[PDB]
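As a plain string of letters, each chain reads:
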Amino acid sequence: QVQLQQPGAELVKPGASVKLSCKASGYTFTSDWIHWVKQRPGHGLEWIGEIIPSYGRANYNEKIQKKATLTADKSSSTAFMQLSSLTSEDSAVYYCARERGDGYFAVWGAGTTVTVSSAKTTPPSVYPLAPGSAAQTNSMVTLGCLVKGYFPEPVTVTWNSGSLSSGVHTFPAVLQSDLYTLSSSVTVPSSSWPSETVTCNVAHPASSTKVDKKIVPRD
Amino acid sequence: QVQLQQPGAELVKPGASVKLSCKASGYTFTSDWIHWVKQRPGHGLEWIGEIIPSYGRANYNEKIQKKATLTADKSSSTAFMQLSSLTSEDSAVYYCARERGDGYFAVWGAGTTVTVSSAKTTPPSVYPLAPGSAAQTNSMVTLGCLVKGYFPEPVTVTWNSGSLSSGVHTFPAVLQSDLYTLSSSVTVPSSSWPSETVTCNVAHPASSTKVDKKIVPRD
Amino acid sequence: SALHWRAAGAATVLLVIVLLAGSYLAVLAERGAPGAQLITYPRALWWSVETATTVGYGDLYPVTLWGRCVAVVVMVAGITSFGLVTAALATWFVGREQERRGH
Amino acid sequence: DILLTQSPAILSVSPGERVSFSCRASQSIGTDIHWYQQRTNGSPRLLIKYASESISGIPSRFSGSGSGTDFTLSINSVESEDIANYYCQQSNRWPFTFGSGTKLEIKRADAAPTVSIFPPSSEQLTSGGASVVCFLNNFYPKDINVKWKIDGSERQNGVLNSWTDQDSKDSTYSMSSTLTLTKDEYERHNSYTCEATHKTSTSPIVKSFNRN
Ligand SMILES: CCCCCCCCCO
């Protein structure tokens, strides 16, 4: 089971602050340390700090401006990271990781995408992408779904609730007018569609929404 | 007496495996370690691993892909190296060496030439090389023997069972049509031949053959 | 049985406890100090033993005030414990010799 | 603080060949180095601990070696799923630090792109919006150009492209090109075409559809 659970996203206005959470499961020892790592888009991994829940002591990276404050709730087995007075420089994915006191990060959380912006939260519009009536098909057919007008990042797109994974490409989002737009494509044997249903599932954590869109041939 | 005895050659088909042996003599101590070293043609010496027969523990070079497994038979004082799933990259001379636990290799085996190929084993044809009737001679006369159509390497050529060593050159083999060919030449005082017999001895370990060819003047 | 044997036993148990607690506390004290190496538990336990025996190879050692205070406790616990065992052995030899002399 | 240098930043290898990643520490750190793999959009994953110790669940083609200041992560016979970023991390001295990472790229055989064009959906139109989407999938090399034409005339306005990273499933690349027009604009035209030019063919691959 998932050892470290982190919320998918957090939108923060410049100057404001936010509290990230990391819920732990599995074996828990007095020698366990919870670490936080920052990763800006396109950049590497940067160590932020660590905390030992059994004692509550935290240490921080001295090479960077201190924006975080770590705490931990022993009863709910949850570690927290308070980021304060953020700027666009603070926009990034923040991961929590567990170390058994022996130096390496055995397990990592999924990461929380933090966006520092003044813009407002906007769920995405999901449109189907079925081929036209003139499109000739071969052994395979390609379908997809258009996800546009959402903010902030990210969105998670799956096909058939995740059961359909092979032959799937989800393109990087593009920003325009304070809104993101991306597409996902899936290729299945031409013989299986529309005989076997194909649906795209779109989750947008920042707006706590998850919608489905079945892809059916154009009438 | 020879401290470490290793077979001269081993032919292995790609993908297959082979077990090399190294029989030890002389003083044997509980602190002795048997090492294996690999040397590709024209290349340097590469450490493969080591084993301590008194305990049976083996260690291997972590910088290279593990192709070997070392074992040892305390009763027959023999160390073994199992090379598995070989490719042409594994063709080379493999030496075993003995270290008394003090860091240096006091004695080395003769080495086993391992050839990884699909070709078949072929013993060599040995032809004599005597000068023609028009060849004028000086203080010395040069003779030789042609060793061709053999596979795989190597062959060991000696003159007069090794008693004749000075004035001998054995040329590097040349590969053509999956078969090797080389020549060896010997120079002796013109006055001693054919008065004193001159014979070339050719050993081809891969085919367990060793033939002799006397060099006599052309009729 | 006798007080010395009991005391030696207790000292050994006390030492093991100090070794474990010292290892845990050393790591807690040293993380946060740039350059410190006594920062993972397995090697910290090894450090506690070579400190308690006074061997001190120098492969690992504390650089902070609290890590050093922890070190002193481990040192004193080791020296005292081993010393107590020596005192127990002496008592045993003294008693046996008195018997041997018929005293 | 210990500096970990990973060079080169990008390593290109042919499928099935052995590859080695380098990590150099600014001072001697014994074997206190660990390696992580991070695929596109994924979380880091522990591969090797303490320079050469294998981890349960990690393919056997992964191994590590080295001690002191120079370390190596090697992959025997690299395959598509190995495409990812690799990082080293040290735990010898406080604080723990990470290397800058090295990306693995695979040189596979050339592949022509599969082009698919899609008309705007009814749902989108109902909102006064019309987006025509074109997919250029599973091609190699990554170099490619897309051109839009409306009723035979080239169109460059309102076009947004997006390229994926090398696919960890087949080492190919894919790209999407989206032409967004107002419902009204979309209505005053008949044919829309997407043309792809790729090294694999002197002639462009074209796909079109008529609004009617
Ligand atoms: C007897 C010495 C105890 C020292 C405890 C150190 C705790 C350090 C915490 O930061």
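What counts and what doesn't
Residues numbered from 1 in each chain as written, not as in the entry; some residues may be left out. Chains lettered and ligands numbered in written order. Part of a larger assembly, values for the part shown. Heavy atoms only, no water. Residues with missing side-chain atoms left out of burial classes, pairs and counts. Helix = DSSP H or I, 4+ residues; strand = E, 2+ residues; numbered from the N terminus. Rg over C-alpha atoms; globule rule 2.2 N^0.38 Å. Contact = heavy atoms within 4.5 Å. Buried area = accessible area lost by both parts, 1.4 Å probe. Salt bridge = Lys/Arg side-chain N within 4 Å of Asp/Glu carboxyl O. Polar contact = N/O pair within 3.5 Å; in protein donor to acceptor, adjacent residues only side chain to side chain. Buried < 20%, exposed > 50% of the residue type's maximum accessible area, 1.4 Å probe, protein only. Pairing = 2+ DSSP bridges. Axes fitted to C-alpha atoms, helices over the stretch in contact; angles between N-to-C directions. Parallel < 35°, antiparallel > 145°, perpendicular 65-115°, else oblique. Left-handed = near helix turned anticlockwise from the far one by under 90°. Nonpolar A, V, L, I, M, F, W, Y, C, P; charged D, E, K, R; others polar. Domains from an automatic or database assignment. Disulfide = S-S within 2.5 Å. Near = heavy atom within 4 Å. Areas by Shrake-Rupley, 256 points an atom, 1.4 Å probe, with all protein chains shown as cover. Core = buried A, V, L, I, M, F, W, Y, C linked by side-chain atoms within 4.5 Å. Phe/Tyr/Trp six-rings, centres within 6.5 Å; stacked < 30°, edge-to-face > 60°. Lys NZ or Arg CZ within 6 Å of the ring centre and 35° of its normal.

- X-ray crystallography is the method the PDB entry states for this structure, with the resolution given as 1.90 Å.

**Comments concerning the overall build of chain D**
- Of the regular secondary structure elements, chain D holds two helices and 19 strands.
- What you see for chain D is a C-alpha radius of gyration of 23 Å, clearly larger than the 17 Å of a compact globule of 212 residues, by over 25%.
- Contacts in chain D between residues at least 24 apart in sequence constitute 60% of all its contacts with a sequence separation of at least 6.

**Observations regarding the overall build of chain A**
- Counting its secondary structure elements, chain A contains zero helices and 19 strands.
- In terms of its C-alpha atoms, chain A occupies a principal-axis envelope of roughly 65 × 40 × 30 Å.
- Taking as baseline every contact in chain A between residues at least 6 positions apart, the subset at least 24 positions apart corresponds to 60%.

**Re the interface of chain A and chain D**
- On the side of chain D, 40 residues touch chain A, which itself brings 43 residues to the contact.
- When the two sides are added together, the surface that chain A and chain D hide from each other amounts to roughly 3,400 Å², 63% of it contributed by carbon and sulfur.
- In this assembly, chain A and chain D are joined by two salt bridges.
- For A:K213, the salt bridge goes to D:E123, with nearest N and O atoms at 3.4 Å.
- Our count for the contact surface shared by chain A and chain D stands at 16 residue pairs in polar contact.
- Of all the secondary structure elements, the ones that give two or more residues to the side of chain A that touches chain D are β4 (33–39), β5 (46–52), β6 (57–60), β9 (92–99), β12 (125–129), β13 (140–150), β15 (168–170) and β17 (180–189) of chain A.
- For the side of chain A that touches chain D, the element with the most residues is β13(A), which contributes five residues.

**A short note on the pairing of strand β5 (residues 45–49) of chain D**
Residue and element names in this part refer to chain D.
- Among the five residues in β5, four count as buried, and that is most of the element.
- Relative to β5, strand β4 (residues 33–38) is paired through three bridges, and the arrangement is antiparallel. Its bridge partner lying in β5, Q37 is registered against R45.
- Between β4 and β5, which pair antiparallel and follow one another directly, the connecting turn spans six residues, one of which, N41, has a positive phi of 65 degrees.
- Where β5 meets strand β6 (residues 53–54), two bridges bridge the pair, whose relative direction is antiparallel.

**Some points on the packing of helix α1 (residues 3–30) of chain C against helix α3 (residues 65–100) of chain C**
Residue and element names in this part refer to chain C.
- Interhelical geometry of α1 versus α3 gives an angle of 165 degrees and a closest axis separation of 9 Å. With respect to α3, the element α1 is oriented roughly antiparallel. With respect to the hand of their crossing, α1 and α3 are arranged in left-handed fashion.
- Grouping the amino acids of the contact of α1 with α3 by side-chain chemistry returns 21 nonpolar, six polar and one charged.

**As for the domain arrangement of chain A**
Residue and element names in this part refer to chain A.
- Split into domains, chain A comes out as domain 1 (1–118) and domain 2 (119–217).
- For domain 1 and domain 2, the distance between their C-alpha centroids amounts to 31 Å.
- At the interface, eight residues of domain 1 touch nine residues of domain 2.
- Partitioned by chemical class, the residues of the side of domain 1 that touches domain 2 number two nonpolar, five polar and one charged.

**Description of the interface of chain C and chain D**
- Each partner contributes residues to the interface: chain C has nine residues there, and chain D has eight residues.
- Counting the surface lost from both chain C and chain D, the interface buries some 740 Å², and carbon and sulfur atoms represent 54% of this.
- In this structure, the connection of chain C to chain D is made through one salt bridge.
- Between D:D32 and C:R43 there is a salt bridge; the shortest N-O distance is 2.7 Å.
- Put simply, chain C and chain D have four residue pairs in polar contact between them.
- Along the lines of polarity and charge, the residues of the side of chain C that touches chain D split into four nonpolar, three polar and two charged.

**A closer look at the state of the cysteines**
Residues and elements named next belong to chain A.
- For the structure shown, the criterion picks out four disulfides over all chains.
- One disulfide in the model links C22 with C96; its S-S distance is 2.0 Å. When the S-S torsion is 80 degrees, as for the bridge of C22 with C96, the disulfide is right-handed. Residue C22 is located in strand β3 (residues 18–24), and its partner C96 is located in strand β9; the two are separated by 74 residues in the primary sequence. In this pair, the class of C22 matches that of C96, namely buried.
- Each bonded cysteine of chain D is numbered by sequence order, and under that numbering the disulfide pairs are 1-2, 3-4.

**Examining the site of the ligand**
- Every residue lining the ligand is accounted for by A:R57, C:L28, C:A29, C:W66, C:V70 and C:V73.
- One finds residues of chains A and C in close proximity to the ligand.
- Between the ligand and A:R57, the relevant distance is 2.9 Å, taken from an oxygen atom to a side-chain nitrogen or oxygen of the residue.
- Surface burial for the ligand is 66%, taken as the share of its 350 Å² of free accessible area covered by protein chains.
- Elements that contribute at least two residues to the shell around the ligand include exactly α1 and α3 of chain C.

**Concerning the domain arrangement of chain D**
Residues and elements named next belong to chain D.
- With domains assigned, chain D is organised as domain 1 (1–108) and domain 2 (109–211).
- For domain 1 and domain 2, the distance between their C-alpha centroids amounts to 38 Å.
- A per-class count over the side of domain 1 that touches domain 2 returns three nonpolar, two polar and six charged.

**A closer look at the nonpolar core**
Residues and elements named next belong to chain D.
- Within the largest apolar cluster, 26 residues are counted, with the highest numbers of intra-cluster contacts made by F21, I33, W35, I75, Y86 and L104.
- For this core, the secondary-structure elements that each account for two or more residues are β2 (10–13), β3 (19–25), β4, β5, β8 (70–75), β9 (85–90) and β11 (102–106).
- The biggest single contributor to this core is β3, with four residues.

**Side note on the arrangement of the chains**
- Pairwise contact counts over the four pairs of chains in contact peak for chains A and D.
- Across the gap from chain A to chain B, with no contact made, the nearest C-alpha atoms are 20 Å apart.
- The smallest C-alpha distance separating chain B from chain C is 23 Å, and no contact links them.

**Observations concerning the environment of D:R155**
- Position of D:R155 among the secondary structure elements: in strand β15 (residues 153–155).
- A polar contact of 3.5 Å, which involves the side chain of D:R155, links it to the side chain of D:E185.

**What about the packing of aromatic side chains?**
- If you walk through the whole model with that rule in mind, you get 29 aromatic pairs over all chains.
- For the ring pair B:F105 and B:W108, a centre distance of 5.5 Å and an interplane angle of 80 degrees mean the geometry is edge-to-face.
- With a relative accessible area of 30%, B:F105 lands in the partly exposed category.
- Lying across the ring of A:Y60, A:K66 places its NZ or CZ 4.2 Å from the centre.

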